[PDB]
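Only one structure is covered here, and it is reproduced in the block below.
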Amino acid sequence: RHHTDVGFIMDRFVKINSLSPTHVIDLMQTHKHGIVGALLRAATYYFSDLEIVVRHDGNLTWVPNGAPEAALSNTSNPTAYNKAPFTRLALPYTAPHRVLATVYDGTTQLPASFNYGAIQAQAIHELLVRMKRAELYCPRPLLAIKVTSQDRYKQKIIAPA
Amino acid sequence: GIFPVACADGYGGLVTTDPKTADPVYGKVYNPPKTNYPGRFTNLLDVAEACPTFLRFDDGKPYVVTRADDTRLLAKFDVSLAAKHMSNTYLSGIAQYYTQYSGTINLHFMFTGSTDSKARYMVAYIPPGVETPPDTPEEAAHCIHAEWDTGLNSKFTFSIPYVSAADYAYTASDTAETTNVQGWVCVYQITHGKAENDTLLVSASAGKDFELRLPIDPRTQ
Amino acid sequence: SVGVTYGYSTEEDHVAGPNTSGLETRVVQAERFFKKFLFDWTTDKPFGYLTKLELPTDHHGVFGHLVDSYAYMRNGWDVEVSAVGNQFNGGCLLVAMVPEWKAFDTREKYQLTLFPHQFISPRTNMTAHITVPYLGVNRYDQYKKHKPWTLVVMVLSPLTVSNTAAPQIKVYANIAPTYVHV
């Protein structure tokens, strides 16, 4: 047995659709079938460090959670300047709460706490995210692809010529 | 007093599998130790042991019709890794994100009629390619067969050895050949005692040997 | 019986702690049982018939008083489910302690048993017995704005009856907050 230790499966990237001059940083903007979210959703309580990679233009800027967004551009809180072509960082963790989660049944919009944060620049094109040392707690259900036709399944397979 | 520079001729790609690390900025913050918080798991395997599953049939109902009649054959269902018999299934659900695998699928059985009633049942393996489904539990016994009655017990578990061509196999299937991959392994029975109605349940689970190699996204993300 | 089945561990608990615990000590007399209605269950219901019960309701107990006292607390949870019948039936119902409940969907029906759980059948069992240890995103909780725990039972095997049984059957349970620190 030398897999299913998430510590190996959850150290890659995945895409994020949405972007903006000011954009939010959270897992729940994942995709709900991309393999990352496959396991990443599959549990209740998870925790990790953070790593990110950004392709952009201008001056990328970031801040921990719990701040006034109106107080970002000024005074140049921690940040570094611009350089092409690639850029790679890793953010530490700013818990308001001792563990992350997925959904919180209270009298179905997501809570406001779990917030890896937000970035801001003048031109933001490509985003990349990466988990670290994560751990999982209280696993949850899981599905496979749906079955329609008769026998077992059929799928094309690549072969040489 | 320069040290001799060795400029990299053509390496250093921003490629996925790299294990390189980074540098914090607003770093150096402690955290409370998160020992002692229950619900900790590290491997889909172990947690893929303690739980059974629930199969499916065209009745859309998991449980199996179980008639107290003079019929001799119960019913026939395939067992595979990508099959309608085993879709809504935790083993496979984990599996479909894998191409390599080696491990015995496991089973269970739960009974319905009152304890008083006597009964007999006979599990029966079949290889993939016998070209003929057996039509009697004795001549069916040739592949692999066993017993467990109403007597003294109600639960039971049984398995099928991880036969293949070589020590691995494809998870998904093909559109270039025809022959089934495993067979039609199902169970036989002897004279029913008495019942106005019965029911059988069956499951699956990973035991000692379930193994995988990986990964690729199959889906249309 | 089949015995006791714990949740993820079985051990004597921590009982005394800091300023919050020293302020929210293990009061004992806020503990007591009571029963609650579950559902009717006759030969009518087909498979997949789901039913839920959020926790916890109100109660005219001192426990009920403090759970209204509108402040930080913590708790434990022992549940013991049972029902009465007779030996001329058949089938199985499914029971499960529920972490982080959400509205389910059809296909996932076949999945109900990741959680701690037990079977239900007239032959094998006549009394469930399960317990869940505390947890929560905070160190403690305040109910009115959340519920981290409910308890579920649902149809698993079709029920059968002959001319020698009670064509109506009821089912009860046992709610028991335990190990409480207010």
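Letters A, B, ... mark the chains of the structure tokens in the order given; residue numbers begin at 1 per chain; ligand numbers begin at 1, in order shown.
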* Neighbours of residue 48 (chain A) within 6 Å (only C-alpha atoms; same-chain residues fewer than 2 positions away dropped), as a VMD selection string? -> chain A and resid 132 to 134
Just to be explicit: take each residue in the selection above, keep N, CA, C and O atoms, and write the result as an mmCIF file, in the first residue's frame.
data_model
loop_
_atom_site.group_PDB
_atom_site.id
_atom_site.type_symbol
_atom_site.label_atom_id
_atom_site.label_comp_id
_atom_site.auth_asym_id
_atom_site.auth_seq_id
_atom_site.Cartn_x
_atom_site.Cartn_y
_atom_site.Cartn_z
ATOM 1 N N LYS A 132 -0.841 21.668 0.885
ATOM 2 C CA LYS A 132 0.395 21.362 1.601
ATOM 3 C C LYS A 132 0.141 20.559 2.868
ATOM 4 O O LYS A 132 -0.519 21.045 3.793
ATOM 5 N N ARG A 133 0.708 19.350 2.918
ATOM 6 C CA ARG A 133 0.747 18.520 4.122
ATOM 7 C C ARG A 133 -0.641 18.217 4.658
ATOM 8 O O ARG A 133 -0.791 17.809 5.813
ATOM 9 N N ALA A 134 -1.659 18.399 3.826
ATOM 10 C CA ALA A 134 -3.030 18.468 4.300
ATOM 11 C C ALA A 134 -3.439 17.200 5.040
ATOM 12 O O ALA A 134 -2.822 16.141 4.921
#
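Non-sequential neighbours of residue 23 (chain B) (distance at most 9 Å, separation of 4 or more positions within a chain, only C-alpha atoms) are residues 89, 90 and 91 of chain A; 27 of chain B.
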Just C-alpha atoms for this one: save the residues we selected as a tab-separated table (two decimals), in the first residue's frame.
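Resulting contents of again_21.tsv:
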chain	number	residue	atom	x	y	z
A	89	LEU	CA	4.68	31.87	-3.74
A	90	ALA	CA	3.28	30.08	-0.72
A	91	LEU	CA	1.01	31.55	1.84
B	27	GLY	CA	5.09	34.20	7.81
* **6 Å contact set for region 49-57 of chain C, only C-alpha atoms, chain neighbours under 4 positions out, as a ChimeraX atom specification** => /C:150,152,154-155
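The interatomic distance for the pair CA of residue 46 (chain C) and CA of residue 164 (chain C) works out to 21.8 Å.
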* To do: Find the residues near residue 82 (chain A): any atom within 10 Å, counting only C-alpha atoms, skip ones fewer than 4 places away on the same chain, and give them as a count of residues only.
  => 6
* Asked: Do you know which residues are at most 12 Å from region 93-100 of chain A counting only C-alpha atoms, after dropping those on the same chain fewer than 6 positions away, and could you put them as a PyMOL selection string?
  -> (chain A and resi 26-28+40-41+43-51+63-67+111-117+131-132+134-137) or (chain B and resi 24-35+37) or (chain C and resi 135-140)
Could the residues in this selection be saved with N, CA and C atoms as a compact mmCIF listing (two decimals), in the first residue's frame?
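Contents of the output file selection.txt:
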# COMPACT_ATOMS: atom_id res chain seq x y z
N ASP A 26 -10.23 31.09 -2.12
CA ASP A 26 -10.86 30.05 -1.32
C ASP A 26 -10.98 28.77 -2.13
N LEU A 27 -11.01 27.65 -1.41
CA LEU A 27 -11.13 26.35 -2.06
C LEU A 27 -12.49 26.20 -2.74
N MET A 28 -13.56 26.64 -2.08
CA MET A 28 -14.89 26.37 -2.63
C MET A 28 -15.13 27.04 -3.98
N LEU A 40 -10.82 16.29 -2.25
CA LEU A 40 -10.81 17.53 -1.49
C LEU A 40 -12.18 17.81 -0.90
N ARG A 41 -13.23 17.43 -1.62
CA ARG A 41 -14.57 17.50 -1.05
C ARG A 41 -14.88 16.32 -0.15
N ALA A 43 -14.29 14.81 2.38
CA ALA A 43 -14.24 14.71 3.83
C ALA A 43 -15.01 15.86 4.45
N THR A 44 -14.90 15.97 5.77
CA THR A 44 -15.55 17.05 6.50
C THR A 44 -14.57 18.15 6.89
N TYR A 45 -13.53 17.79 7.64
CA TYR A 45 -12.62 18.77 8.21
C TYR A 45 -11.22 18.52 7.67
N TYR A 46 -10.64 19.51 6.99
CA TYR A 46 -9.32 19.36 6.41
C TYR A 46 -8.47 20.56 6.78
N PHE A 47 -7.16 20.41 6.60
CA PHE A 47 -6.22 21.48 6.93
C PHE A 47 -4.90 21.30 6.20
N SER A 48 -4.29 22.42 5.82
CA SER A 48 -3.06 22.39 5.05
C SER A 48 -2.33 23.71 5.22
N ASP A 49 -1.16 23.80 4.59
CA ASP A 49 -0.53 25.09 4.35
C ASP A 49 -1.00 25.58 2.98
N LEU A 50 -0.37 26.62 2.44
CA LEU A 50 -0.85 27.06 1.14
C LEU A 50 0.31 27.39 0.22
N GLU A 51 0.13 27.10 -1.07
CA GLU A 51 1.07 27.47 -2.11
C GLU A 51 0.29 27.89 -3.34
N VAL A 63 -3.14 40.17 1.15
CA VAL A 63 -3.29 40.49 2.56
C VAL A 63 -3.93 39.31 3.28
N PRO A 64 -3.56 39.02 4.52
CA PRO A 64 -4.29 38.04 5.32
C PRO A 64 -5.75 38.42 5.52
N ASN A 65 -6.50 37.46 6.05
CA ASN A 65 -7.93 37.64 6.28
C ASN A 65 -8.17 38.70 7.34
N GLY A 66 -9.42 39.13 7.45
CA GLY A 66 -9.76 40.11 8.46
C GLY A 66 -9.05 41.43 8.28
N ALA A 67 -9.38 42.16 7.22
CA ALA A 67 -8.81 43.47 7.02
C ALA A 67 -9.88 44.37 6.42
N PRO A 111 -20.44 30.16 4.74
CA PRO A 111 -20.07 31.09 5.81
C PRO A 111 -19.00 32.06 5.35
N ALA A 112 -18.72 33.04 6.20
CA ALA A 112 -17.80 34.12 5.86
C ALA A 112 -16.40 33.91 6.43
N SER A 113 -16.18 32.84 7.19
CA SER A 113 -14.92 32.64 7.89
C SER A 113 -13.81 32.12 6.98
N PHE A 114 -13.98 30.92 6.43
CA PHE A 114 -12.88 30.21 5.79
C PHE A 114 -12.42 30.99 4.57
N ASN A 115 -11.28 31.67 4.68
CA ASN A 115 -10.88 32.66 3.69
C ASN A 115 -9.36 32.68 3.57
N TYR A 116 -8.83 31.94 2.59
CA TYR A 116 -7.41 32.05 2.31
C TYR A 116 -7.03 33.44 1.86
N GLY A 117 -7.98 34.23 1.36
CA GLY A 117 -7.82 35.67 1.30
C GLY A 117 -8.32 36.25 -0.02
N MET A 131 -1.99 22.60 -2.44
CA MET A 131 -2.21 22.23 -1.05
C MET A 131 -0.89 21.77 -0.44
N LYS A 132 -0.84 21.67 0.88
CA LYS A 132 0.39 21.36 1.60
C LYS A 132 0.14 20.56 2.87
N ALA A 134 -1.66 18.40 3.83
CA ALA A 134 -3.03 18.47 4.30
C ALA A 134 -3.44 17.20 5.04
N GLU A 135 -4.50 17.33 5.82
CA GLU A 135 -5.13 16.19 6.46
C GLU A 135 -6.64 16.34 6.44
N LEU A 136 -7.29 15.19 6.53
CA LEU A 136 -8.69 15.00 6.22
C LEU A 136 -9.36 14.36 7.42
N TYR A 137 -10.66 14.63 7.57
CA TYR A 137 -11.36 14.25 8.78
C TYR A 137 -12.84 14.08 8.50
N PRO B 24 7.94 32.14 2.65
CA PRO B 24 6.79 32.90 3.16
C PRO B 24 7.07 34.39 3.12
N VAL B 25 6.03 35.18 3.33
CA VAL B 25 6.21 36.63 3.42
C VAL B 25 5.72 37.17 4.76
N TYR B 26 4.42 37.09 5.03
CA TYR B 26 3.91 37.46 6.34
C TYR B 26 3.87 36.23 7.22
N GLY B 27 5.00 35.53 7.24
CA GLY B 27 5.09 34.20 7.81
C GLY B 27 5.34 34.21 9.29
N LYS B 28 5.79 33.06 9.79
CA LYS B 28 6.17 32.89 11.19
C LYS B 28 4.98 33.14 12.11
N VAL B 29 3.98 32.27 11.99
CA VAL B 29 2.84 32.26 12.89
C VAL B 29 2.60 30.84 13.36
N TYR B 30 2.48 30.67 14.67
CA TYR B 30 2.21 29.39 15.28
C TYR B 30 0.75 28.97 15.08
N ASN B 31 0.39 27.84 15.66
CA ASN B 31 -0.97 27.32 15.64
C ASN B 31 -1.15 26.35 16.80
N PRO B 32 -2.38 26.12 17.23
CA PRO B 32 -2.62 25.15 18.29
C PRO B 32 -2.41 23.74 17.78
N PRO B 33 -1.83 22.86 18.59
CA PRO B 33 -1.65 21.47 18.16
C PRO B 33 -3.00 20.79 17.98
N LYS B 34 -3.17 20.16 16.82
CA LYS B 34 -4.44 19.55 16.46
C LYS B 34 -4.45 18.04 16.65
N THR B 35 -3.67 17.55 17.60
CA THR B 35 -3.84 16.19 18.07
C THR B 35 -5.18 16.07 18.79
N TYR B 37 -8.21 15.26 17.84
CA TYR B 37 -9.49 15.53 17.22
C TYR B 37 -9.96 14.31 16.45
N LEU C 135 -17.47 17.57 18.88
CA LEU C 135 -16.56 18.23 17.96
C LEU C 135 -17.19 19.56 17.58
N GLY C 136 -16.56 20.26 16.65
CA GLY C 136 -17.07 21.55 16.23
C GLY C 136 -15.95 22.46 15.77
N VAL C 137 -16.32 23.36 14.86
CA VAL C 137 -15.33 24.24 14.24
C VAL C 137 -14.74 25.18 15.28
N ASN C 138 -15.53 25.55 16.28
CA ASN C 138 -14.98 26.30 17.39
C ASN C 138 -14.60 25.35 18.52
N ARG C 139 -14.03 25.92 19.57
CA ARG C 139 -13.83 25.13 20.78
C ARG C 139 -15.14 24.76 21.44
N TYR C 140 -16.19 25.54 21.23
CA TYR C 140 -17.48 25.28 21.85
C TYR C 140 -18.54 25.63 20.83
* To do: Just the residues within 8 Å of residue 22 (chain A), please, counting only C-alpha atoms, with nothing from its chain fewer than 5 positions along; format it as a ChimeraX atom specification.
  => /A:118-121
Keeping only N, CA and C atoms, write those residues as a JSON list (two decimals), in the first residue's frame.
[["chain", "number", "residue", "atom", "x", "y", "z"],
["A", 118, "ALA", "N", -7.46, 37.05, -0.64],
["A", 118, "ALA", "CA", -7.80, 37.79, -1.85],
["A", 118, "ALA", "C", -6.54, 38.42, -2.41],
["A", 119, "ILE", "N", -6.50, 38.54, -3.74],
["A", 119, "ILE", "CA", -5.39, 39.18, -4.43],
["A", 119, "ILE", "C", -5.91, 40.36, -5.23],
["A", 120, "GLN", "N", -4.99, 41.25, -5.58],
["A", 120, "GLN", "CA", -5.33, 42.45, -6.32],
["A", 120, "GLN", "C", -4.13, 42.90, -7.12],
["A", 121, "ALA", "N", -4.38, 43.30, -8.36],
["A", 121, "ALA", "CA", -3.35, 43.80, -9.25],
["A", 121, "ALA", "C", -4.02, 44.59, -10.36]]
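Coordinates place CA of residue 79 (chain C) at a distance of 13.3 Å from CA of residue 3 (chain C).
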* Asked: Leaving out region 2-17 of chain B and any residue of its chain fewer than 3 positions from it, which residues lie within 9 Å of it when counting only C-alpha atoms, given as a ChimeraX atom specification?
  -> /A:11-13,86
* To do: Hey, list the chain B side of the contact with chain C: 12 Å cut-off, only C-alpha atoms, answer as a ChimeraX atom specification.
  => /B:32,34,36-41,47-57,59-65,86-91,93,110-117,153-155,195-203
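Shortest separation to residue 103 (chain A) among C:76, C:22, C:99, C:177 occurs at residue C:99, atoms counted being only C-alpha atoms.
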* Write down, as a ChimeraX atom specification, each residue of chain A that has any atom within 6 Å of an atom of chain B, counting only C-alpha atoms. => /A:4-5,34,89-90,137-138,143-144,152,154-155
